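The data below hold one chain only, encoded as structure tokens and taken in the form deposited in one PDB entry.
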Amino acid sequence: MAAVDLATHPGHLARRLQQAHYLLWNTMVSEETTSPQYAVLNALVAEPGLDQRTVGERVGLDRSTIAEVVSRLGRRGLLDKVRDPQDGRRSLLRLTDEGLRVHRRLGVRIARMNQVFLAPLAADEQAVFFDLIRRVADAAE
């Protein structure tokens, strides 16, 4: 009988934001490297030799998605996977030179995407936006 106003539904806005993100990424950044792949590349630039489990916890990707990403980056020779010598049943991840090279290249394009993405907002609003969305994203903790 009664329809709802989707403009007040956070999930509706969430889907549309991610679609916009997926569009901007494939248009301005890459059709080969996905954003979760970049996220993993970045985590390994920040902390070389990081445990695969820890990488997942850091960039917000589950254990299966991380395994998939690591496999794909590995196949492309952007990433090296090695057994943790101390804990033989743990895996450590390091970027190759080409992996670092890909990460650097994409970062230039991403910087352009983000300016496009954030252009509708004033500077003070951008900070607020970052804070609010992160807090709402943690609602599924």
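Note that residue numbering follows the sequence shown and begins at 1.
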{"property": "91-99 versus 33-41 - which carries the larger mean C-alpha B factor in the record", "result": "91-99"}
{"property": "10-18 versus 119-127 - which carries the larger mean C-alpha B factor in the record", "result": "119-127"}
{"property": "CA B-factor ranking of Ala111, expressed as a third of its chain", "result": "highest"}
{"property": "Cα B factor band for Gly60 (lowest, middle or highest third within the chain)", "result": "lowest"}
{"property": "Ranked C-alpha temperature factor of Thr54 among modelled chain residues, by third", "result": "lowest"}
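If you look for the form deposited in another entry, you will not find it shown, but the lines that follow are about it.
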property: Rigid-part rotation between the shown form and the other one - which of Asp51, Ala67, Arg76, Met113 lies at its hinge; result: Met113
